[PDB]
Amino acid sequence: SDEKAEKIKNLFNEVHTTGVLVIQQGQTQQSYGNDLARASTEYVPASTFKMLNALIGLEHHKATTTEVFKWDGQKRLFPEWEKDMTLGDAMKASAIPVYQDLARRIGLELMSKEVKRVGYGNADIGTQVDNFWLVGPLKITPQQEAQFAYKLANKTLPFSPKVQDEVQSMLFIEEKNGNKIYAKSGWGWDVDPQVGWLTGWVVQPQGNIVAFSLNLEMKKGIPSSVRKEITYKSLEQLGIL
């Protein structure tokens, strides 16, 4: 309804930024929030790109889910990143240096081919293999991110089913009221304006998949927890959680 839609718009209003939430069920998408035009606007994917990075890496055997990416000992952006980790550990922590390592393993030629083959966003990774998802040129819309998540959830992306299985496992967050929640956050803090993401899906008890992509502008005074916060209360308001 619009009872629901206005409640969701007001969620973005309270935190004094602009945002959109795209929801996909079956082949139908709906947009909510206080700036619906964001839904079809391109932004850098930031760490949401780890989903596809992992798919490509696993498909072509450039990494395994069990191997350990060693920490070289150099200081990193966050203390949580300063340890050895698996791709799954690094997915949960959004450990950028680990997935930059993976990107280099894949290499520019394979990465470009695969990004194009999948048709991800504007499918342009430029010439720098280990940051194209953080500062450009690669961009994607929230509509495309929601669709991507929906296909991943249904394992209809063009990768081996077991590879999609393994990446799903890395994205599992929690089980809430019988619903399984899968998600990947993103925060493009190296661009202006900063973009904040939460892309994922809900598996409801009977198996139905509800994909979503939250996209808003991150601002001073707006904590990163806002992404999951707004996403969850919006999903509760829509009766999905």
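Numbering starts at 1 and runs along the sequence shown.
Averaged over CA atoms, B-factors in the entry run higher in 29 to 37 than in the other of 29 to 37 and 48 to 56. The deposited model assigns a higher average Cα B-factor to 8 to 16 than to the other stretch when 8 to 16 and 225 to 233 are compared. Ranking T65, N215, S185, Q206 by Cα temperature factor from the entry places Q206 first. When the modelled residues of the chain are ordered by their C-alpha B factor, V191 lands in the highest third. In the deposited entry, the Cα temperature factor of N177 sits in the top third of values across the chain's modelled residues. The deposited CA B-factor of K151 belongs to the lowest third of values across its chain. When the modelled residues of the chain are ordered by their C-alpha B factor, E145 lands in the lowest third. Ranked by Cα temperature factor within the chain, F159 sits in the lowest third according to the deposited record.
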